[PDB]
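Here is the structure we will look at.
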Amino acid sequence: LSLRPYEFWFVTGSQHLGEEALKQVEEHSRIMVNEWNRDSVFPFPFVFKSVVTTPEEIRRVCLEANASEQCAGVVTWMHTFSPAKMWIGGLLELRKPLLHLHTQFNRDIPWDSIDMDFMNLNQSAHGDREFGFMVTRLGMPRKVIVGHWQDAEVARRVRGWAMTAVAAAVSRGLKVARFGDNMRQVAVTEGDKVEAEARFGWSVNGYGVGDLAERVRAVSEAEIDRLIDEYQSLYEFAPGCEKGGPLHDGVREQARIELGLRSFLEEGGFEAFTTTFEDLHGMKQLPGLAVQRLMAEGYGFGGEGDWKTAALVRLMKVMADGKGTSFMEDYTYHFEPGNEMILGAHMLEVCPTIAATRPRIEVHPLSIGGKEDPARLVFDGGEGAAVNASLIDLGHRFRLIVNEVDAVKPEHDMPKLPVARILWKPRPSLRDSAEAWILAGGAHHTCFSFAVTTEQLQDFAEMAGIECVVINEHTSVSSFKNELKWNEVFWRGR
Amino acid sequence: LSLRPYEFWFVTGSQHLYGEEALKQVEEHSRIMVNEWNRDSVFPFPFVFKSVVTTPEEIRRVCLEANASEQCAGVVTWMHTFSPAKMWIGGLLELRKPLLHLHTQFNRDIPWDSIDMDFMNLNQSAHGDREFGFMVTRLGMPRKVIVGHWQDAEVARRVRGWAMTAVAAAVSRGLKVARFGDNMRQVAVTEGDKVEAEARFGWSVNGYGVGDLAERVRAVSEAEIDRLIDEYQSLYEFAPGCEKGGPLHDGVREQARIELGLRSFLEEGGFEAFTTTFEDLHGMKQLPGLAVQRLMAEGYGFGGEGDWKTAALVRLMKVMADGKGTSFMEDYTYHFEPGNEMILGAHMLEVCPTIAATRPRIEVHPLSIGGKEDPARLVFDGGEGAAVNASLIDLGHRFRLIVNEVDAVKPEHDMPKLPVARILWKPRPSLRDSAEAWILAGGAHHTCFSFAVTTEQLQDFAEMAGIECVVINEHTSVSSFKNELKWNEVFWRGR
Amino acid sequence: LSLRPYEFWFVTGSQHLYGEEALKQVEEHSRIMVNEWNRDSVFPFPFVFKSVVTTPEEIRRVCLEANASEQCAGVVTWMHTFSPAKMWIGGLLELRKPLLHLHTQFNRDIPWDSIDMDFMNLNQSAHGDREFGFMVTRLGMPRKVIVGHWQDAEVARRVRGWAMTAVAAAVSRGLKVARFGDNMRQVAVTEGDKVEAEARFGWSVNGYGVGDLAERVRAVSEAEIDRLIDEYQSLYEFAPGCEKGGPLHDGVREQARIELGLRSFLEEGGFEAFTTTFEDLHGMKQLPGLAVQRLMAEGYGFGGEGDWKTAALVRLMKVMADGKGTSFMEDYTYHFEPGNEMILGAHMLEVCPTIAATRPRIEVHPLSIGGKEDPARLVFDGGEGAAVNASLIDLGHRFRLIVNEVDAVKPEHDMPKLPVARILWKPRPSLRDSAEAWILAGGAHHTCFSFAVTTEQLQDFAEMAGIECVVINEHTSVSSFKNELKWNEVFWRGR
Ligand SMILES: [Mn+2]
Ligand SMILES: [Mn+2]
Ligand SMILES: [Mn+2]
Ligand SMILES: [Mn+2]
């Protein structure tokens with residue numbers, strides 16, 4: 001699932017206090033931007049925009065940055081002193097993520113060269129502080145990275161942020177197609193699409209399942225054959241799911257459902273969607289392998305109408321570069337002292353991008369939805385550092401909840417388990433993470449990711465103006481409880 | 001649509017200072033009072049007297065009982081004597097039922113002749129009801145306060161007004177709403193938080209696939225269509241081509257189908273309101289039209305394009321109105337004729353016949369919207385008189401109830417080309433100002449219009465549900481209204 | 001001082017999506033769990049299985065029953081399966097009983113061989129509980145959350161600790177406090193708002209003149225004194241002068257007289273806590289002393305000088321402590337010996353013998369304070385080990401519970417000229433920092449000292465009551481703590 005050619009504008013501040021210094025500032029910036037496009041750490045193209053010098057110049061490049069659908073964020077560096085009142089109109093206008101790069105062109109103080117002319121020119125030490133003030137003063141969410149522009153860690157911090165900014169750009173235009181209403185009587189998948197569209201840009205809208213049913217009925221048995229070809233190209237088949245076997249019908253249906261979905265979603269420029277098993281009129285099966293393959297392509301998905309998680313999965317997939325990110329649900333607990341684990345799955349819908357094992361197409365009965373035995377990819381999830389993120393609506397506001405977890409390889413086979421699954425050990429413990437999660441009103445539905453950092457989901461939440469609360473090795477429940485209370489008083493009316 | 005046999009618990013507060021005999025005389029007064037009110041037997045909901053409360057345990061048990069009692073629509077509290085109000089804290093903190101504080105007195109007049117420390121000791125409501133007043137205000141509880149002698153008629157009118165609001169509230173707490181399809185796509189004001197709504201009003205709002213209604217209408221007996229088309233004929237004129245064997249009696253048949261499949265679903269689930277969306281009618285011959293208007297008539301809430309907020313409100317307001325003169329309504333177009341400025345309200349089809357001046361007429365007309373077969377609908381002219389046009393919207397953090405007082409006017413000219421039931425109103429204070437105030441209140445295009453709900457009832461409901469009620473009437477000026485929106489915003493946030 | 005036969009309601013949530021037999025599996029899992037938890041007299045409060053709740057009406061019924069039940073001290077909810085939480089909103093909104101969300105699972109371990117969707121459909125708590133977790137948070141209602149397998153020992157300890165908090169909470173709800181006299185004049189911290197206290201904690205705090213007490217103390221017969229003296233002899237050492245036919249014994253007997261009058265008065269009114277004031281002892285021979293220590297040992301709350309908050313807090317903490325290691329206490333003087341900094345805790349007379357390490361000794365000594373006759377009191381050395389020192393103060397707009405974690409220490413040195421029961425502790429983290437943190441928090445000089453009540457139980461009680469709980473322990477930094485106070489203040493305002 002293709003991105004738009006997303007670029008970050010490097011904006012360098014000065015004022016007027018000569019043209020010769022202004023051109024030294026300019027080449028410094030261009031050099032920095034040119035060597036960033038050639039450092040393999042920096043994930044999207046940086047564009048030198050201007051040395052900005054005047055209010056009208058600051059405001060123009062900020063207006064330009066809003067209108068530029070390809071501008072994902074703006075990186076500001078005050079090379080010289082840049083009297084920050086000049087910046088007010090621009091910053092008031094800026095609505096693209098902001099990195100304040102607090103840097104210096106030169107790394108070391110030239111101890112014998114150090115003169116008033118050098119100092120007059122390389123002023124960021126204070127020029128970035130005066131800008132710091134102005135951005136803090138207007139209450140604006142921004143990223144602040146301090147270091148020499150060549151620094152390896154600066155590089156790593158800047159790209160982590162850049163992935164987040166790209167996730168936010170996709171967020172601004174993000175169209176979510178829901179095929180059915182929320183699973184009846186369910187609270188946490190409910191919330192305010194208007195707030196969500198105001199807060200995150202998400203477009204979330206209902207299509208009757210009729211409208212998907214209609215477009216699955218319109219797929220050629222020919223085009224199903226092309227896709228089965230490419231299923232044989234990718235996936236193991238369970239005895240009876242390969243060509244001719246008694247269950248391959250089921251696989252064909254999911255290939256049908258898959259291609260009807262891709263058609264609907266590609267037509268409407270949707271990057272995420274939800275289904276609801278409670279409403280499967282005109283569908284042979286609850287979508288499963290179809291969804292699993294669409295998530296792998298880079299599509300957000302949420303079960304039982306869960307547009308928040310659907311959107312969250314697309315965004316985190318954008319943050320992760322497509323890798324090791326799935327829709328996820330906490331299905332059961334392994335409480336063994338010393339080996340406490342959560343088994344994470346869904347009815348069918350786990351993205352193969354988290355798979356440790358080569359995915360296998362299987363067909364098994366699924367009571368839930370009263371439809372035909374769904375085909376689905378079955379795998380063991382990978383191992384290592386991951387985040388389990390839920391975005392809930394508290395009514396007045398959204399709260400992003402991120403749990404740091406360690407996914408573990410199953411030691412034991414689960415041969416009667418018909419769904420792809422992942423085992424994780426939540427930090428700081430099952431007992432404590434689950435408790436902090438529940439107190440935070442974390443959903444059952446999460447986006448799980450091996451490739452999104454805590455810092456990225458925090459930066460995303462900063463960009464969107466929502467609370468993000470993190471459960472990890474350092475979380476204690478008493479301290480967490482208090483952080484919820486204090487965040488609440490900060491975040492109400494914001 | 002039957003109400004539960006809702007009742008109203010009279011609770012009379014006293015202490016022990018005065019004795020057991022005073023407490024019997026207090027019980028007697030209270031029973032005479034409840035008994036007179038019930039004899040005047042026209043009012044649909046009885047007052048059930050609940051023995052005199054004198055202890056925190058007594059106060060607390062009745063308030064727990066009242067909470068459990070599905071019949072209990074509200075509690076009417078009266079301090080006959082000083083009933084020291086700290087006693088009431090346990091009860092008041094338990095009470096989740098609409099409270100009326102009836103600030104009354106058994107005798108009307110100071111019996112100047114005989115008035116002695118015995119009478120002053122027994123007829124203490126003057127201070128008793130104030131002591132209780134402080135306590136209810138201190139706990140930040142919403143209550144109605146009706147002051148006057150219990151036999152006063154304005155007391156009767158205010159209490160009955162409130163009781164109808166209390167019963168509407170009670171319907172609200174259990175209110176189940178079926179949604180056939182999602183909101184009309186890209187629409188804002190019909191969108192909202194169903195969890196906030198359930199928490200705040202008790203409405204259960206859950207979506208059923210349109211297929212779930214289509215399956216139910218496919219099952220509707222070609223025969224039972226026939227038995228209903230018989231009821232149609234009995235009630236409603238048929239437009240030429242729509243009656244008996246005419247080339248559009250199918251349209252009417254297909255609405256009787258939908259009417260019976262809708263009612264099957266809604267009766268099965270105990271649903272007292274529903275929503276349809278023209279954007280999702282897979283398995284339907286027509287957008288429910290005649291079907292929906294009939295269902296509104298017998299008391300169902302309805303909202304179009306998945307508008308559950310208005311569906312619930314149409315339901316609540318229909319219950320407040322005693323089933324009468326209450327409809328789902330949309331502002332469709334304006335008459336801007338200076339001195340004759342009016343709003344024409346309709347919907348594509350779904351206008352309740354309970355607001356009809358002219359006997360409704362089954363007609364079938366094309367409807368582009370939805371790309372389905374020519375829907376049958378009842379067409380009629382709305383009544384006239386004082387009415388309320390009420391929107392309930394989701395500001396994101398809380399709900400706002402917006403009531404515009406309007407005057408529905410008998411139409412001067414015919415709208416013979418207009419295939420939908422319709423109504424004209426002049427909104428107070430003016431079209432210019434109401435519509436401006438309405439827009440600044442962010443009022444929906446979807447409303448419940450009612451000839452029978454008072455402003456005071458919708459305020460009373462808002463107070464009961466702890467939501468802002470903004471009212472646009474003859475006294476509204478936009479400068480003030482704006483300020484009141486700003487000051488209300490600061491009071492209502494996180495409540 | 002007997003408790004109601006309090007019980008905890010285990011409520012299991014499911015629905016219908018897996019069938020009526022999957023519901024029987026759930027019901028049988030929960031019955032096992034409840035039976036297993038009741039099995040031994042492990043605990044004075046049983047768990048009661050409440051049939052699985054699967055509908056809004058079921059969930060509302062059990063929460064309404066829970067509230068109405070005087071025996072039900074708390075509800076323990078567990079989502080065995082997905083139990084869509086909109087169903088729970090109506091229920092949760094009614095529940096004014098301590099909620100513990102037990103996030104558990106019937107099986108400890110994933111049965112790796114057999115785990116199939118029959119199993120993943122039934123043991124879904126991993127998500128069931130989170131969906132419920134969201135609803136409870138969303139309603140912002142206070143709850144304990146305990147994760148862990150139901151047979152896990154840590155789970156049992158926590159559930160037992162919370163259970164004791166909830167019973168204390170239940171006692172708080174009907175807690176009746178008698179004040180014999182008003183606040184000590186000009187004292188601030190013992191002052192507060194009895195109305196806010198009733199609303200937030202459930203305490204009925206009311207003033208008797210001491211005449212009421214003296215009167216009842218006078219009506220005590222010389223024979224009831226004689227029988228209680230005989231009980232004193234069996235329990236306590238009499239100091240030389242204090243035994244029958246000693247010159248001081250009359251002082252003891254007058255304490256015996258006060259103990260009997262007080263007990264009569266307190267039992268008559270169902271009072272479980274009381275206050276005296278040395279400033280108002282008209283009709284009394286002595287400041288109540290031995291009598292008060294005795295009444296505290298029986299489980300009564302006491303606060304001196306009209307301190308009803310502490311009195312109530314002492315009753316609550318005694319219930320939490322299961323009547324053990326819990327007294328009214330005051331900070332009397334400081335040992336500032338560097339390396340050996342400790343607080344000497346006492347009161348004029350009123351220290352509960354339940355914190356006694358040594359056999360309490362009836363002593364008669366002069367007491368200037370109140371200008372009455374040489375009161376008899378139990379004198380003893382407080383126990384040693386981990387303890388909490390709790391002040392509940394009124395900040396004006398809300399209560400604040402302050403808990404200092406201390407280490408009671410055996411006195412190295414005799415204090416043979418100190419006529420009062422006393423205890424030493426080392427306040428955590430240091431005398432320097434605890435006293436500073438305590439002063440910044442406005443901690444009272446009057447505390448409930450307890451060997452048995454844990455920081456988490458009081459924190460749990462605070463959660464329950466919706467008041468700030470501030471804890472000073474080994475982890476406390478005075479800089480961090482002043483910020484926690486500012487931030488707490490902002491949250492707790494208007495709540
Ligand atoms: Mn799910
Ligand atoms: Mn909301
Ligand atoms: Mn409409
Ligand atoms: Mn004292």
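Residue numbers start at 1 in each chain; chains themselves are named A, B, ... in the order of the structure tokens; ligands are numbered from 1 in the order shown.
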>> Using only C-alpha atoms and a cut-off of 7 Å, which residues of chain C sit close to chain B? Please list them as a VMD selection string.
In response: chain C and resid 64 68 86 89 to 90 195 198 to 199
>> For the structure I just gave you, how does DSSP split region 134-323 of chain C - specifically, which residues are strand (DSSP E or B)? Reply as a PyMOL selection string.
In response: chain C and resi 144-147+176-180+204-208+237-238+273-275+301-303
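Going from CA of residue 465 (chain A) over to CA of residue 169 (chain A), you cover 14.6 Å.
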> How would you write, as a PyMOL selection string, the set of residues no farther than 12 Å from ligand 2 when counting only C-alpha atoms and all ligand atoms?
Replying inline: (chain A and resi 190-196+198-199+392-398+492-493) or (chain B and resi 191-200+393-399+493-494) or (chain C and resi 138)
>> Residues of chain C within 8 Å of chain A, counting only C-alpha atoms - could you list those as JSON, numbers by chain?
In response: {"C": [17, 18, 84, 85, 86, 87, 105, 108, 109, 110, 112, 113, 114, 115, 116, 117, 120, 123, 124, 125, 126, 127, 128, 129, 130, 131, 133, 134, 135, 136, 137, 138, 145, 146, 147, 148, 149, 487, 488, 490, 491]}
>> Just want the 7 Å neighbourhood of residue 181 (chain B), counted on only C-alpha atoms, with same-chain residues fewer than 6 positions away dropped. Output as a list in words.
In response: residues 208 of chain A; 207, 208, 209, 210, 276, 277, 280 and 306 of chain B
Write out as CSV a residue-level contact list of chain C versus ligand 4 with cut-off 9 Å: for each qualifying residue the closest pair of atoms and the distance in Å to one decimal, counting only C-alpha atoms and all ligand atoms, rows sorted by chain and residue number upward.
residue,atom,partner,partner_atom_place_in_ligand_line,distance
C:184,CA,ligand 4,1 (Mn),9.0
C:303,CA,ligand 4,1 (Mn),7.9
C:304,CA,ligand 4,1 (Mn),5.5
C:305,CA,ligand 4,1 (Mn),6.2
C:307,CA,ligand 4,1 (Mn),8.4
C:329,CA,ligand 4,1 (Mn),8.2
C:330,CA,ligand 4,1 (Mn),6.1
C:331,CA,ligand 4,1 (Mn),8.8
C:332,CA,ligand 4,1 (Mn),8.9
C:346,CA,ligand 4,1 (Mn),8.9
C:347,CA,ligand 4,1 (Mn),6.1
C:348,CA,ligand 4,1 (Mn),7.4
C:445,CA,ligand 4,1 (Mn),7.3
C:446,CA,ligand 4,1 (Mn),6.1
Restricting the output to C-alpha atoms, write the selected residues as a compact mmCIF listing (two decimals), in the first residue's frame.
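The resulting again-v5.txt:
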# COMPACT_ATOMS: atom_id res chain seq x y z
CA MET C 184 -11.53 21.95 71.68
CA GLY C 303 -10.87 11.01 69.05
CA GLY C 304 -10.03 13.43 71.89
CA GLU C 305 -11.10 17.10 72.02
CA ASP C 307 -12.00 15.09 66.92
CA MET C 329 -2.65 8.43 68.80
CA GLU C 330 -1.08 11.93 69.05
CA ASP C 331 2.53 12.98 68.31
CA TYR C 332 3.62 14.02 71.87
CA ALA C 346 0.56 9.12 73.35
CA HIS C 347 -2.53 11.03 74.52
CA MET C 348 -3.52 12.42 78.02
CA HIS C 445 -1.47 15.88 65.35
CA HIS C 446 -4.32 13.31 66.02
>> Please identify the alpha helix (DSSP H) residues within region 154-247 of chain C (assignment by DSSP from backbone atoms) and present them as an MDAnalysis selection string.
In response: chainID C and resid 154:173 194:201 210:218 222:235
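The environment of residue 163 (chain C) within 9 Å, counting only C-alpha atoms and disregarding residues fewer than 6 places along the same chain, consists of residues 8, 45, 73, 74, 100 and 320 of chain C.
Distance-wise, CA of residue 281 (chain B) and CA of residue 173 (chain A) end up 28.2 Å apart.
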